[PDB]
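Visitor: just dropping in an experimental structure and the matching sequence.
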Amino acid sequence: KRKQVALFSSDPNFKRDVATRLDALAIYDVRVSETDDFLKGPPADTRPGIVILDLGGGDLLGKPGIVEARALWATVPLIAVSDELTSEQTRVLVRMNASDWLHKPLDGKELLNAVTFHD
């Protein structure tokens with residue numbers, strides 16, 4: 001019934017605030033994990049609806065098989081959250097085919113607009 005949301009972040013403030021915001025909307029089943037858990041792809045016991053990936057400074061974009069790991073998630077919408085990136089990092093982000101590029105600190109409205117657009 002509820003739309004599964006996989007959230008990946010190494011920022012404790014961001015994890016708490018995004019899970020609280022989406023869980024207050026009641027129509028989302030939100031799972032939270034470390035940024036590098038994204039590389040593992042979806043678990044066989046789940047059915048992802050949306051992925052929220054907190055890239056931070058963009059350390060994960062320099063990981064060798066990152067664009068291939070995105071394909072493990074098939075065509076689920078991907079919401080990318082990051083601080084400012086370089087052109088080289090923006091290239092990887094473009095290949096990762098995210099529907100939204102949110103800049104930290106994200107406002108309430110911007111995240112809810114990105115998630116509800118795919119509903």
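Guide: Great, that's in hand. Numbering: from 1, shown residues only.

Visitor: just the strands in the protein please.
Guide: Secondary structure of the chain, counting by DSSP state E: strands at 3-8, 28-33, 50-56, 78-82, 100-103.

Visitor: looking at these, which is nearest to residue 115?
Guide: strand 50-56 (6.2 Å; C-beta to C-beta). No exception for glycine: its C-beta is placed from N, CA and C like everyone else's.

Visitor: near residue 111, how many other residues are there?
Guide: Using other C-beta atoms under 10 Å, residue 111 has 19 neighbouring residues.

Visitor: before we move on, what about the one 4 residues further on?
Guide: Residue 115 is surrounded by 23 other residues when neighbours are defined as other C-beta under 10 Å.

Visitor: and for residue 67?
Guide: Other residues near residue 67 come to 15 when the count uses other C-beta under 10 Å.

Visitor: so it makes contact with residue 96?
Guide: Yes: at 5.8 Å, residue 67 counts as touching residue 96 under the criterion of C-beta atoms under 8 Å.

Visitor: ok, the most centrally placed residue in the chain - contacts?
Guide: Residue closest to the mean C-alpha point of the chain, counted by C-alpha atoms, centre = their mean, is residue 52 at 1.6 Å. Contacts for residue 52 (C-beta atoms under 8 Å, 6 or more residues apart in numbering) come out as 5-9, 18, 78-79, 81.

Visitor: same check, this time on residue 119
Guide: Contacts for residue 119 (C-beta under 8 Å, 6+ apart) come out as 3, 27.

Visitor: please redo it, this time with the cut-off set to 10 Å
Guide: Shown in contact with residue 119 (C-beta atoms under 10 Å, 6 or more residues apart in numbering): 3, 25, 27-28, 49-50.
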